[PDB]
Amino acid sequence: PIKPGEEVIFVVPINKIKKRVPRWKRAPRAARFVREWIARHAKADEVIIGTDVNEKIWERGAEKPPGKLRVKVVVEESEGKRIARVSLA
Amino acid sequence: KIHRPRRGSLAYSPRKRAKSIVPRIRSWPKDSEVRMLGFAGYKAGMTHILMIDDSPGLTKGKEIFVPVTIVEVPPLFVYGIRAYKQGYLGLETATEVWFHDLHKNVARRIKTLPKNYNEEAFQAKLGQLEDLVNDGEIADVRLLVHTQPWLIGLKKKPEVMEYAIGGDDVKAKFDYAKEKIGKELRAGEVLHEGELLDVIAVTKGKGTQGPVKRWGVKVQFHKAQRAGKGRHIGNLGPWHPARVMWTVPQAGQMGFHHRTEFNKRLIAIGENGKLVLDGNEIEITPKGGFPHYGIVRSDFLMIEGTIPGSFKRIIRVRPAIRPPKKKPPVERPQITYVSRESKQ
Amino acid sequence: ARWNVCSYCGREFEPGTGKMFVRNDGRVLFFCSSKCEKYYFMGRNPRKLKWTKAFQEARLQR
RNA sequence: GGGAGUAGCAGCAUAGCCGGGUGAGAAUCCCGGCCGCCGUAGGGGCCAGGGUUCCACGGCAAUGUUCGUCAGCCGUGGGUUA
RNA sequence: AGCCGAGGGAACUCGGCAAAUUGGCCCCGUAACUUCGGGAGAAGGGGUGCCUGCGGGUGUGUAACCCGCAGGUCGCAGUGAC
RNA sequence: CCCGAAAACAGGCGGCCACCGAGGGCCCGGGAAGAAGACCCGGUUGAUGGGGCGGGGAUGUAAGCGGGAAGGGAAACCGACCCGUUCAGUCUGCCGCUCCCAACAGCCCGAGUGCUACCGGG
Ligand SMILES: [Zn+2]
C-alpha cells in the first residue's frame, strides 16, 4: 500500500452522506466519514485527526460541512500496526 | 344510492414482486414466415422526432410529433436446439442439443458446463435429433439463445432464453435451426421496419405504497385529515360476512411487476449507432450522452412511445399477437427531424 | 421543421419545444424556456444580461 | 405465570465533535479548543417552607428512566462567632 | 408539527370550520344614523431603499435630539427579514 | 393478460458432483432494488466507488486592478452605481478516458447408511 514516510493527498467526498442524515447532524457524521475513508484507503488500523481538520469541518456550523476535504496523510508503523496522521492541505 | 366503479383492477392480482428479472413469454403468435419470433435488448433512453403520418385516421399526411424509445440490441448467440412432444396434459421437453465452444462468460450463469464435448459428439447428437424429428413424435422446435453484453461494456453475466419459430411444420423449422446454431443473429435478419410489436418487461420499483397511490382511493375529508385518517380508507367491510374480503384496498408492494404492452410500432433499425436518413448519415446519441446510460455503439431500435422498465433493463419484443384490422404499412416512415440535443 | 427564435434571449430553439404567447391585439411572442417567459412577464431587462443578444445590440449603442 | 425481552425512555429549550488524561473498565468523569442554547430570564439576589441537603477525603452492592471511575446516593471527619 | 403549489375560485360543508388576504408611518379624503359626546384607524387612494447635497427649531455650539425638499442610481420586490 | 411445481400422479429436459468434495452463504466495492430479510451488477481474466483530465448542464459575468460617476471640498481626496479584464466564477445526487487509492485477507455449510417384495439387463 502507500509507503509510511511519504505523505499523500487525499480528497474526501462528504457530499455522499448529505441527505443520508438530518441537517443538524452533518458535521458529526462527516468526522466519522473522514476517519473511515482514511482508514480504508491508507490500510490503517488507527487514525489521528487534527484539531485543524475538525475546526475546518465545523467552520460553518453543524449544517454545512465542506463537500470535499483535501487532506495530507502520513503513516507510521509501531508494533506492526499502521497509524495514519491526518492534516490539512 | 350513489354508484361509481370500483377502485383499481382485479386483473393484475396478486400484485407481487416478479419471480425473475428476465421476463417471460407465455404465448406466441401465428406467423407463417419461418423466422424467429422475437428479439431482446437493453433500454437506453427517450427522445422525439417529427414524421409524416402514415397511419389511418385524420392527421394522415401531416407533420406531427412522435416520442420514441431507443433500445440497444447487440447480436444474439444461438447455442441450442430443443424439441417438444405431447404428453397427457400438455407439451413436454424431449431432447436438447448444445454447441461445444461457448464463451467463457456463460459459466457466470450456467456454472456447470460439460467437459469433453467436442465436435464429434456435437454432430452425433445433431444426427440423433434429426432422425427423431423425421419420425413423427415431435410437436414443435425452439431455439436457445444468449445475450452478449461484453460488446457494449454493460456487464459480463449474460441472459439465457428460449424462442420459438414460425410455421405450421417442424422439418422446415429444423432446417432453419440447424442452419442457425453456432452463430450470431442480428436484428435486421429477423425484424422488419414498420411492424407492430408487443413489448414485454418488468416495471420500475416504487416500494411499499398505500392505497391512495396503489389503488386510487379518495383522500378523506379535512376533519379526518385532522383526526389521523386522511390517507386511510374507512371500512374493511361489513359485519356479515364476518371476514375481510380480498377485494378491499390495502397497502403493499408497488412496482416491479411483469407487464406486457400491445401494438408499438417499430420505426427504424440502425447499424453501428448511426441513422442514415435518406440524405445523410447521423447519430442518435445526444450531446453529453444519455442520462444514466452512456453512448450507443452496436445496434438499436426506435420504438413509438413508451415501454415498461428502467433504463439498463432487459426488454423482450415479439411481433404483435393482438393486432387490429387497420394496420399501418411496413416501411420506414418519412422522418424530417431527430433530436440530438441534451436530454439531461 | 422550423427552428424558432426566442423573443427574450434571441436564440434558435428546436421543434417540439417552447411556447407561443398571443396577445388580444394579435401580436405574438415565442419563448424557449420557462425562465425567459417568467423574466419577461416579471419585467426584467434582457439588455443588461450578457447571455442574451440584446446585450450586444446595446454594446453597439454605447 | 402468559402478555413480553414487548410498550415507553420523541413532540413544549432537536448538541455535541477533535486532542489529552484518570482508571480493571469511559458516547455520557476531568482539562483545552471548536461549535451552539438562554439572554426584563434558564442570569443576580433573598422570604416562607424543607432541615444538614453545605465542605473535604475515600467508594460503587443498591438509587439515578441508559453507562458511570460521577453525584442532592453511600462511609468517615468537620462546619453556622453580632 | 411545518413550506410551496399551474388553471379555476367556496362548486366543499349543518355552517367559508381551517388556512389565506390586510398589516408600521406621512399626506389626501371619508357615508347612513346619532343620546351631537360618537360612528371613524369608516371607507377609498398615493407615497416609503442607498448615495450626493440644501435648508429650518431649541441651543454658545460644525455638541445633542428633532422637522421639510431637489437631483443621481439599483433591484421582480425598499414597514424588503422581525 | 396477471399468479402459478406444496399440482400428494408433490412434474419434463440438459449438464455437474456423490455412491476429498459439485455448489452455496458470510465478507469487500456499489444500486437500476429495498421497512428487516430478499433482489441485481462487479470483485485484479477488473473501469464497481473515489481522484485527475476532459464533454454536457444550472445560475448569470467572481475577487482584485485600471478608468468614469450626481455633487462636495483650498487641494489631496471622498462617492451609491457603471464600463472593461469576463458566456466569467462557483457548482454538478450526469456521461466518457485513465489502474493514481480501495474491491484485500480469509472463514463456515455441504449430499456420501441400507432390505426384503421387486422391474430390465447381467
Ligand atoms: Zn430565451
# chains A, B, ... in the order shown; residues from 1 in each chain; ligands from 1
call {"tool": "interface_residues", "arguments": {"of": "chain F", "to": "chain A", "cutoff": "12 Å", "atoms": "only C-alpha atoms (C1' of nucleotides)", "output": "list in words"}}
result
residues 28, 29, 49, 50, 51, 52, 91, 92, 93, 100, 101, 102, 103 and 104 of chain F
call {"tool": "residues_around", "arguments": {"residues": "region 18-20 of chain F", "least_positions_apart": "5", "cutoff": "12 Å", "atoms": "only C-alpha atoms (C1' of nucleotides)", "output": "ChimeraX atom specification"}}
result
/F:110-113
call {"tool": "closest_residue", "arguments": {"among": "C:36, C:20, C:29, C:49", "to": "ligand 1", "atoms": "only C-alpha atoms and all ligand atoms"}}
result
C:36
call {"tool": "closest_atom_pairs", "arguments": {"of": "chain C", "to": "ligand 1", "cutoff": "8 Å", "atoms": "only C-alpha atoms and all ligand atoms", "output": "CSV"}}
result
residue,atom,partner,partner_atom_place_in_ligand_line,distance
C:6,CA,ligand 1,1 (Zn),4.8
C:7,CA,ligand 1,1 (Zn),6.7
C:8,CA,ligand 1,1 (Zn),5.0
C:9,CA,ligand 1,1 (Zn),4.1
C:10,CA,ligand 1,1 (Zn),6.2
C:11,CA,ligand 1,1 (Zn),6.3
C:31,CA,ligand 1,1 (Zn),5.8
C:32,CA,ligand 1,1 (Zn),4.9
C:33,CA,ligand 1,1 (Zn),6.0
C:35,CA,ligand 1,1 (Zn),7.3
C:36,CA,ligand 1,1 (Zn),4.7
C:37,CA,ligand 1,1 (Zn),7.6
C:52,CA,ligand 1,1 (Zn),7.9
call {"tool": "atom_distance", "arguments": {"atom1": "CA of residue 121 (chain B)", "atom2": "CA of residue 100 (chain B)"}}
result
8.9 Å
call {"tool": "atom_distance", "arguments": {"atom1": "CA of residue 267 (chain B)", "atom2": "CA of residue 71 (chain B)"}}
result
11.8 Å
call {"tool": "interface_residues", "arguments": {"of": "chain C", "to": "chain E", "cutoff": "9 Å", "atoms": "only C-alpha atoms (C1' of nucleotides)", "output": "PyMOL selection string"}}
result
chain C and resi 39+42-44
call {"tool": "write_last_selection", "arguments": {"atoms": "C-alpha atoms", "output": "PDB file, in the first residue's frame"}}
result
ATOM      1  CA  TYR C  39     -38.438  37.138 -16.678  1.00  0.00           C
ATOM      2  CA  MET C  42     -41.832  39.942 -14.482  1.00  0.00           C
ATOM      3  CA  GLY C  43     -40.218  42.928 -16.146  1.00  0.00           C
ATOM      4  CA  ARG C  44     -36.540  42.199 -16.362  1.00  0.00           C
TER       5      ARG C  44
END
call {"tool": "atom_distance", "arguments": {"atom1": "CA of residue 52 (chain A)", "atom2": "CA of residue 83 (chain A)"}}
result
18.4 Å
call {"tool": "residues_around", "arguments": {"residues": "region 13-16 of chain D", "least_positions_apart": "5", "cutoff": "12 Å", "atoms": "only C-alpha atoms (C1' of nucleotides)", "output": "PyMOL selection string"}}
result
(chain A and resi 22-29+58+61-62) or (chain D and resi 27-28+34-38+42)
call {"tool": "interface_residues", "arguments": {"of": "chain F", "to": "chain B", "cutoff": "9 Å", "atoms": "only C-alpha atoms (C1' of nucleotides)", "output": "PDB file with N, CA, C and O atoms (P, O5', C5', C4', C3', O3' and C1' of nucleotides), in the first residue's frame"}}
result
ATOM      1  P     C F   1     -50.947 -13.260 -23.855  1.00  0.00           P
ATOM      2  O5'   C F   1     -51.205 -12.418 -22.538  1.00  0.00           O
ATOM      3  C5'   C F   1     -50.832 -11.055 -22.464  1.00  0.00           C
ATOM      4  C4'   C F   1     -51.464 -10.347 -21.298  1.00  0.00           C
ATOM      5  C3'   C F   1     -51.020 -10.763 -19.912  1.00  0.00           C
ATOM      6  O3'   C F   1     -49.772 -10.230 -19.520  1.00  0.00           O
ATOM      7  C1'   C F   1     -53.371 -10.559 -19.967  1.00  0.00           C
ATOM      8  P     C F   2     -48.715 -11.140 -18.737  1.00  0.00           P
ATOM      9  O5'   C F   2     -49.254 -11.187 -17.247  1.00  0.00           O
ATOM     10  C5'   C F   2     -49.272 -10.021 -16.450  1.00  0.00           C
ATOM     11  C4'   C F   2     -50.025 -10.210 -15.168  1.00  0.00           C
ATOM     12  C3'   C F   2     -49.539 -11.290 -14.226  1.00  0.00           C
ATOM     13  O3'   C F   2     -48.370 -10.957 -13.505  1.00  0.00           O
ATOM     14  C1'   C F   2     -51.875 -11.373 -14.365  1.00  0.00           C
ATOM     15  P     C F   3     -47.238 -12.063 -13.263  1.00  0.00           P
ATOM     16  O5'   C F   3     -47.914 -13.129 -12.305  1.00  0.00           O
ATOM     17  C5'   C F   3     -48.060 -12.832 -10.935  1.00  0.00           C
ATOM     18  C4'   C F   3     -48.740 -13.904 -10.138  1.00  0.00           C
ATOM     19  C3'   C F   3     -48.059 -15.246 -10.034  1.00  0.00           C
ATOM     20  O3'   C F   3     -46.964 -15.254  -9.140  1.00  0.00           O
ATOM     21  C1'   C F   3     -50.373 -15.540 -10.349  1.00  0.00           C
ATOM     22  P     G F  12     -40.516 -36.111 -14.056  1.00  0.00           P
ATOM     23  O5'   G F  12     -40.330 -35.377 -15.454  1.00  0.00           O
ATOM     24  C5'   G F  12     -40.953 -35.854 -16.643  1.00  0.00           C
ATOM     25  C4'   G F  12     -40.666 -34.937 -17.795  1.00  0.00           C
ATOM     26  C3'   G F  12     -39.207 -34.795 -18.172  1.00  0.00           C
ATOM     27  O3'   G F  12     -38.738 -35.844 -18.993  1.00  0.00           O
ATOM     28  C1'   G F  12     -40.191 -32.661 -18.009  1.00  0.00           C
ATOM     29  P     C F  13     -37.269 -36.444 -18.777  1.00  0.00           P
ATOM     30  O5'   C F  13     -36.307 -35.395 -19.481  1.00  0.00           O
ATOM     31  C5'   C F  13     -36.416 -35.109 -20.865  1.00  0.00           C
ATOM     32  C4'   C F  13     -35.631 -33.890 -21.258  1.00  0.00           C
ATOM     33  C3'   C F  13     -34.159 -33.888 -20.921  1.00  0.00           C
ATOM     34  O3'   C F  13     -33.393 -34.670 -21.815  1.00  0.00           O
ATOM     35  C1'   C F  13     -35.090 -31.792 -20.381  1.00  0.00           C
ATOM     36  P     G F  14     -32.197 -35.585 -21.273  1.00  0.00           P
ATOM     37  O5'   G F  14     -30.945 -34.625 -21.313  1.00  0.00           O
ATOM     38  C5'   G F  14     -30.718 -33.812 -22.442  1.00  0.00           C
ATOM     39  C4'   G F  14     -29.938 -32.569 -22.109  1.00  0.00           C
ATOM     40  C3'   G F  14     -28.712 -32.739 -21.242  1.00  0.00           C
ATOM     41  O3'   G F  14     -27.604 -33.297 -21.919  1.00  0.00           O
ATOM     42  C1'   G F  14     -29.929 -30.884 -20.494  1.00  0.00           C
ATOM     43  P     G F  15     -26.775 -34.489 -21.240  1.00  0.00           P
ATOM     44  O5'   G F  15     -25.823 -33.746 -20.216  1.00  0.00           O
ATOM     45  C5'   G F  15     -24.952 -32.743 -20.690  1.00  0.00           C
ATOM     46  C4'   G F  15     -24.576 -31.749 -19.632  1.00  0.00           C
ATOM     47  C3'   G F  15     -23.795 -32.264 -18.448  1.00  0.00           C
ATOM     48  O3'   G F  15     -22.428 -32.490 -18.734  1.00  0.00           O
ATOM     49  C1'   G F  15     -25.479 -30.798 -17.710  1.00  0.00           C
ATOM     50  P     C F  16     -21.569 -33.516 -17.849  1.00  0.00           P
ATOM     51  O5'   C F  16     -21.463 -32.824 -16.425  1.00  0.00           O
ATOM     52  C5'   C F  16     -20.764 -31.604 -16.267  1.00  0.00           C
ATOM     53  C4'   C F  16     -20.721 -31.147 -14.839  1.00  0.00           C
ATOM     54  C3'   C F  16     -20.192 -32.144 -13.848  1.00  0.00           C
ATOM     55  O3'   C F  16     -18.786 -32.219 -13.879  1.00  0.00           O
ATOM     56  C1'   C F  16     -22.112 -31.093 -12.966  1.00  0.00           C
ATOM     57  P     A F  22     -15.286 -29.184  -6.083  1.00  0.00           P
ATOM     58  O5'   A F  22     -16.409 -28.825  -7.158  1.00  0.00           O
ATOM     59  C5'   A F  22     -16.779 -29.729  -8.197  1.00  0.00           C
ATOM     60  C4'   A F  22     -18.259 -29.684  -8.457  1.00  0.00           C
ATOM     61  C3'   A F  22     -18.936 -28.345  -8.259  1.00  0.00           C
ATOM     62  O3'   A F  22     -18.748 -27.468  -9.352  1.00  0.00           O
ATOM     63  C1'   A F  22     -20.231 -30.046  -7.268  1.00  0.00           C
ATOM     64  P     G F  23     -18.810 -25.882  -9.142  1.00  0.00           P
ATOM     65  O5'   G F  23     -20.052 -25.667  -8.182  1.00  0.00           O
ATOM     66  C5'   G F  23     -21.216 -24.998  -8.628  1.00  0.00           C
ATOM     67  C4'   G F  23     -22.337 -25.155  -7.643  1.00  0.00           C
ATOM     68  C3'   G F  23     -22.557 -23.962  -6.736  1.00  0.00           C
ATOM     69  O3'   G F  23     -23.369 -22.957  -7.309  1.00  0.00           O
ATOM     70  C1'   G F  23     -22.380 -25.905  -5.427  1.00  0.00           C
ATOM     71  P     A F  32     -28.829   2.818  -9.419  1.00  0.00           P
ATOM     72  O5'   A F  32     -30.338   2.367  -9.186  1.00  0.00           O
ATOM     73  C5'   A F  32     -31.416   3.010  -9.858  1.00  0.00           C
ATOM     74  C4'   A F  32     -32.217   2.052 -10.718  1.00  0.00           C
ATOM     75  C3'   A F  32     -32.678   0.777 -10.020  1.00  0.00           C
ATOM     76  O3'   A F  32     -33.917   0.320 -10.564  1.00  0.00           O
ATOM     77  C1'   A F  32     -31.278   0.212 -11.820  1.00  0.00           C
ATOM     78  P     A F  33     -35.305   0.434  -9.763  1.00  0.00           P
ATOM     79  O5'   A F  33     -35.190  -0.584  -8.561  1.00  0.00           O
ATOM     80  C5'   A F  33     -35.821  -1.845  -8.656  1.00  0.00           C
ATOM     81  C4'   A F  33     -35.538  -2.729  -7.474  1.00  0.00           C
ATOM     82  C3'   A F  33     -36.016  -2.262  -6.114  1.00  0.00           C
ATOM     83  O3'   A F  33     -37.387  -2.478  -5.861  1.00  0.00           O
ATOM     84  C1'   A F  33     -33.805  -2.972  -5.940  1.00  0.00           C
ATOM     85  P     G F  34     -38.192  -1.418  -4.973  1.00  0.00           P
ATOM     86  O5'   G F  34     -37.707  -1.671  -3.487  1.00  0.00           O
ATOM     87  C5'   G F  34     -38.194  -2.758  -2.722  1.00  0.00           C
ATOM     88  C4'   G F  34     -37.344  -3.001  -1.516  1.00  0.00           C
ATOM     89  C3'   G F  34     -37.620  -2.103  -0.325  1.00  0.00           C
ATOM     90  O3'   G F  34     -38.662  -2.585   0.505  1.00  0.00           O
ATOM     91  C1'   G F  34     -35.306  -2.116  -0.798  1.00  0.00           C
ATOM     92  P     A F  35     -39.727  -1.593   1.187  1.00  0.00           P
ATOM     93  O5'   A F  35     -39.282  -1.516   2.709  1.00  0.00           O
ATOM     94  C5'   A F  35     -38.239  -0.652   3.099  1.00  0.00           C
ATOM     95  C4'   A F  35     -38.114  -0.494   4.577  1.00  0.00           C
ATOM     96  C3'   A F  35     -37.276  -1.505   5.317  1.00  0.00           C
ATOM     97  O3'   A F  35     -35.882  -1.351   5.165  1.00  0.00           O
ATOM     98  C1'   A F  35     -39.256  -1.164   6.491  1.00  0.00           C
ATOM     99  P     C F  39     -32.016 -13.532  -2.910  1.00  0.00           P
ATOM    100  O5'   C F  39     -32.465 -12.267  -3.756  1.00  0.00           O
ATOM    101  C5'   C F  39     -33.505 -12.363  -4.715  1.00  0.00           C
ATOM    102  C4'   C F  39     -33.632 -11.124  -5.556  1.00  0.00           C
ATOM    103  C3'   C F  39     -32.498 -10.813  -6.508  1.00  0.00           C
ATOM    104  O3'   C F  39     -32.495 -11.624  -7.669  1.00  0.00           O
ATOM    105  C1'   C F  39     -33.187  -8.844  -5.417  1.00  0.00           C
ATOM    106  P     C F  40     -31.102 -12.094  -8.308  1.00  0.00           P
ATOM    107  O5'   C F  40     -30.483 -10.754  -8.888  1.00  0.00           O
ATOM    108  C5'   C F  40     -31.030 -10.154 -10.045  1.00  0.00           C
ATOM    109  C4'   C F  40     -30.410  -8.822 -10.349  1.00  0.00           C
ATOM    110  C3'   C F  40     -28.939  -8.831 -10.687  1.00  0.00           C
ATOM    111  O3'   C F  40     -28.673  -9.276 -11.998  1.00  0.00           O
ATOM    112  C1'   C F  40     -29.415  -7.024  -9.238  1.00  0.00           C
ATOM    113  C1'   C F  41     -24.285  -5.783 -11.145  1.00  0.00           C
ATOM    114  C3'   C F  41     -23.662  -7.393 -12.754  1.00  0.00           C
ATOM    115  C4'   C F  41     -25.121  -7.036 -12.914  1.00  0.00           C
ATOM    116  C5'   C F  41     -26.071  -8.144 -13.265  1.00  0.00           C
ATOM    117  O3'   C F  41     -22.941  -8.082 -13.769  1.00  0.00           O
ATOM    118  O5'   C F  41     -26.191  -9.102 -12.237  1.00  0.00           O
ATOM    119  P     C F  41     -27.368 -10.157 -12.283  1.00  0.00           P
ATOM    120  P     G F  42     -21.772  -9.100 -13.372  1.00  0.00           P
ATOM    121  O5'   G F  42     -20.747  -8.206 -12.566  1.00  0.00           O
ATOM    122  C5'   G F  42     -19.836  -7.374 -13.252  1.00  0.00           C
ATOM    123  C4'   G F  42     -18.902  -6.669 -12.312  1.00  0.00           C
ATOM    124  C3'   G F  42     -17.828  -7.502 -11.645  1.00  0.00           C
ATOM    125  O3'   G F  42     -16.737  -7.828 -12.486  1.00  0.00           O
ATOM    126  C1'   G F  42     -18.822  -6.102 -10.054  1.00  0.00           C
ATOM    127  P     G F  55     -13.147  19.938 -23.312  1.00  0.00           P
ATOM    128  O5'   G F  55     -14.343  18.955 -23.655  1.00  0.00           O
ATOM    129  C5'   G F  55     -15.657  19.449 -23.766  1.00  0.00           C
ATOM    130  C4'   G F  55     -16.649  18.330 -23.939  1.00  0.00           C
ATOM    131  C3'   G F  55     -18.107  18.675 -23.683  1.00  0.00           C
ATOM    132  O3'   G F  55     -18.748  19.299 -24.778  1.00  0.00           O
ATOM    133  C1'   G F  55     -17.561  16.712 -22.515  1.00  0.00           C
ATOM    134  P     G F  56     -19.448  20.727 -24.569  1.00  0.00           P
ATOM    135  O5'   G F  56     -20.849  20.387 -23.902  1.00  0.00           O
ATOM    136  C5'   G F  56     -21.708  19.409 -24.455  1.00  0.00           C
ATOM    137  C4'   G F  56     -22.676  18.865 -23.437  1.00  0.00           C
ATOM    138  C3'   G F  56     -23.519  19.878 -22.684  1.00  0.00           C
ATOM    139  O3'   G F  56     -24.618  20.362 -23.429  1.00  0.00           O
ATOM    140  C1'   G F  56     -22.658  18.294 -21.170  1.00  0.00           C
ATOM    141  P     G F  57     -25.126  21.861 -23.196  1.00  0.00           P
ATOM    142  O5'   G F  57     -25.548  21.885 -21.667  1.00  0.00           O
ATOM    143  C5'   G F  57     -26.873  21.546 -21.307  1.00  0.00           C
ATOM    144  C4'   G F  57     -27.053  21.310 -19.831  1.00  0.00           C
ATOM    145  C3'   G F  57     -27.361  22.520 -18.979  1.00  0.00           C
ATOM    146  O3'   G F  57     -28.702  22.950 -19.090  1.00  0.00           O
ATOM    147  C1'   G F  57     -25.800  21.126 -17.877  1.00  0.00           C
ATOM    148  P     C F  94     -27.455  10.875 -10.343  1.00  0.00           P
ATOM    149  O5'   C F  94     -26.647  10.614 -11.698  1.00  0.00           O
ATOM    150  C5'   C F  94     -25.721  11.561 -12.200  1.00  0.00           C
ATOM    151  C4'   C F  94     -25.787  11.752 -13.703  1.00  0.00           C
ATOM    152  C3'   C F  94     -24.715  11.057 -14.518  1.00  0.00           C
ATOM    153  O3'   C F  94     -24.979   9.690 -14.766  1.00  0.00           O
ATOM    154  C1'   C F  94     -24.920  13.293 -15.251  1.00  0.00           C
ATOM    155  P     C F  95     -23.761   8.653 -14.893  1.00  0.00           P
ATOM    156  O5'   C F  95     -23.093   8.989 -16.293  1.00  0.00           O
ATOM    157  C5'   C F  95     -23.532   8.325 -17.458  1.00  0.00           C
ATOM    158  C4'   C F  95     -22.945   8.891 -18.729  1.00  0.00           C
ATOM    159  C3'   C F  95     -21.540   8.457 -19.098  1.00  0.00           C
ATOM    160  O3'   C F  95     -21.446   7.150 -19.613  1.00  0.00           O
ATOM    161  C1'   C F  95     -21.743  10.763 -19.433  1.00  0.00           C
ATOM    162  P     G F  96     -20.255   6.198 -19.129  1.00  0.00           P
ATOM    163  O5'   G F  96     -18.991   6.721 -19.929  1.00  0.00           O
ATOM    164  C5'   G F  96     -19.001   6.733 -21.340  1.00  0.00           C
ATOM    165  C4'   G F  96     -17.845   7.486 -21.926  1.00  0.00           C
ATOM    166  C3'   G F  96     -16.447   6.993 -21.588  1.00  0.00           C
ATOM    167  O3'   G F  96     -16.004   5.930 -22.404  1.00  0.00           O
ATOM    168  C1'   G F  96     -16.563   9.323 -21.280  1.00  0.00           C
TER     169        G F  96
END
call {"tool": "residues_around", "arguments": {"residues": "residue 326 (chain B)", "least_positions_apart": "3", "cutoff": "10 Å", "atoms": "only C-alpha atoms (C1' of nucleotides)", "output": "ChimeraX atom specification"}}
result
/B:55-57,323,329
call {"tool": "interface_residues", "arguments": {"of": "chain B", "to": "chain C", "cutoff": "8 Å", "atoms": "only C-alpha atoms", "output": "VMD selection string"}}
result
chain B and resid 48 50 65 336 to 337
call {"tool": "residues_around", "arguments": {"residues": "residue 44 (chain A)", "least_positions_apart": "6", "cutoff": "8 Å", "atoms": "only C-alpha atoms (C1' of nucleotides)", "output": "list in words"}}
result
residues 38, 75, 81, 82, 83 and 84 of chain A
call {"tool": "write_last_selection", "arguments": {"atoms": "N, CA, C and O atoms", "output": "mmCIF file, in the first residue's frame"}}
result
data_model
loop_
_atom_site.group_PDB
_atom_site.id
_atom_site.type_symbol
_atom_site.label_atom_id
_atom_site.label_comp_id
_atom_site.auth_asym_id
_atom_site.auth_seq_id
_atom_site.Cartn_x
_atom_site.Cartn_y
_atom_site.Cartn_z
ATOM 1 N N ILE A 38 -10.305 7.375 5.470
ATOM 2 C CA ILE A 38 -8.854 7.406 5.524
ATOM 3 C C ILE A 38 -8.313 6.067 5.986
ATOM 4 O O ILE A 38 -7.282 5.600 5.493
ATOM 5 N N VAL A 75 1.849 8.122 7.461
ATOM 6 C CA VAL A 75 1.622 6.874 8.175
ATOM 7 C C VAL A 75 2.850 6.510 8.989
ATOM 8 O O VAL A 75 3.982 6.831 8.616
ATOM 9 N N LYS A 81 1.465 -2.215 13.488
ATOM 10 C CA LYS A 81 0.114 -1.733 13.246
ATOM 11 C C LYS A 81 0.198 -0.345 12.637
ATOM 12 O O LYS A 81 0.915 0.519 13.147
ATOM 13 N N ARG A 82 -0.526 -0.145 11.541
ATOM 14 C CA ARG A 82 -0.428 1.092 10.786
ATOM 15 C C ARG A 82 -1.276 2.187 11.421
ATOM 16 O O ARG A 82 -2.415 1.953 11.854
ATOM 17 N N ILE A 83 -0.716 3.389 11.476
ATOM 18 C CA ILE A 83 -1.347 4.513 12.151
ATOM 19 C C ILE A 83 -1.225 5.734 11.262
ATOM 20 O O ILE A 83 -0.114 6.198 10.983
ATOM 21 N N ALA A 84 -2.361 6.252 10.825
ATOM 22 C CA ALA A 84 -2.398 7.439 9.997
ATOM 23 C C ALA A 84 -2.528 8.696 10.837
ATOM 24 O O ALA A 84 -3.244 8.726 11.840
#
call {"tool": "select_by_dssp", "arguments": {"residues": "chain A", "states": "strand (DSSP E or B)", "output": "VMD selection string"}}
result
chain A and resid 8 to 13 18 21 46 to 49 68 to 77 82 to 88
call {"tool": "residues_around", "arguments": {"residues": "residue 29 (chain E)", "least_positions_apart": "6", "cutoff": "10 Å", "atoms": "only C-alpha atoms (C1' of nucleotides)", "output": "list in words"}}
result
residues 43, 44 and 45 of chain E
call {"tool": "residues_around", "arguments": {"residues": "region 2-19 of chain E", "least_positions_apart": "4", "cutoff": "10 Å", "atoms": "only C-alpha atoms (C1' of nucleotides)", "output": "number ranges by chain"}}
result
B: 221-223, 226
call {"tool": "write_last_selection", "arguments": {"atoms": "N, CA and C atoms", "output": "PDB file, in the first residue's frame"}}
result
ATOM      1  N   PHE B 221     -62.089  13.599   4.081  1.00  0.00           N
ATOM      2  CA  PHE B 221     -62.434  14.974   4.387  1.00  0.00           C
ATOM      3  C   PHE B 221     -61.448  15.589   5.377  1.00  0.00           C
ATOM      4  N   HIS B 222     -61.395  16.921   5.378  1.00  0.00           N
ATOM      5  CA  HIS B 222     -60.349  17.607   6.118  1.00  0.00           C
ATOM      6  C   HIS B 222     -60.477  17.408   7.624  1.00  0.00           C
ATOM      7  N   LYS B 223     -61.675  17.105   8.113  1.00  0.00           N
ATOM      8  CA  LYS B 223     -61.815  16.754   9.518  1.00  0.00           C
ATOM      9  C   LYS B 223     -61.113  15.442   9.824  1.00  0.00           C
ATOM     10  N   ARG B 226     -57.463  16.020  10.005  1.00  0.00           N
ATOM     11  CA  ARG B 226     -57.089  16.467  11.337  1.00  0.00           C
ATOM     12  C   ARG B 226     -57.350  15.431  12.420  1.00  0.00           C
TER      13      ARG B 226
END
call {"tool": "interface_residues", "arguments": {"of": "chain C", "to": "chain F", "cutoff": "12 Å", "atoms": "only C-alpha atoms (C1' of nucleotides)", "output": "ChimeraX atom specification"}}
result
/C:35,46,48-53,55,59,62
call {"tool": "select_by_dssp", "arguments": {"residues": "region 26-56 of chain A", "states": "alpha helix (DSSP H)", "output": "VMD selection string"}}
result
chain A and resid 26 to 42 51 to 56
call {"tool": "decode", "arguments": {"residues": "region 11-28 of chain F", "atoms": "C-alpha atoms (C1' of nucleotides)", "output": "PDB file, in the first residue's frame"}}
result
ATOM      1  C1'   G F  11     -43.688 -32.577 -12.946  1.00  0.00           C
ATOM      2  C1'   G F  12     -40.191 -32.661 -18.009  1.00  0.00           C
ATOM      3  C1'   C F  13     -35.090 -31.792 -20.381  1.00  0.00           C
ATOM      4  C1'   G F  14     -29.929 -30.884 -20.494  1.00  0.00           C
ATOM      5  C1'   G F  15     -25.479 -30.798 -17.710  1.00  0.00           C
ATOM      6  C1'   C F  16     -22.112 -31.093 -12.966  1.00  0.00           C
ATOM      7  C1'   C F  17     -20.887 -33.777  -8.360  1.00  0.00           C
ATOM      8  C1'   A F  18     -21.779 -38.204  -4.611  1.00  0.00           C
ATOM      9  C1'   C F  19     -22.402 -43.745  -4.133  1.00  0.00           C
ATOM     10  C1'   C F  20     -11.624 -35.347  -0.626  1.00  0.00           C
ATOM     11  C1'   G F  21     -15.910 -32.503  -2.441  1.00  0.00           C
ATOM     12  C1'   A F  22     -20.231 -30.046  -7.268  1.00  0.00           C
ATOM     13  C1'   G F  23     -22.380 -25.905  -5.427  1.00  0.00           C
ATOM     14  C1'   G F  24     -23.842 -22.231  -1.772  1.00  0.00           C
ATOM     15  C1'   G F  25     -23.587 -18.440   2.232  1.00  0.00           C
ATOM     16  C1'   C F  26     -20.666 -14.732   5.143  1.00  0.00           C
ATOM     17  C1'   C F  27     -17.265 -10.964   3.858  1.00  0.00           C
ATOM     18  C1'   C F  28     -15.441  -6.377   0.167  1.00  0.00           C
TER      19        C F  28
END
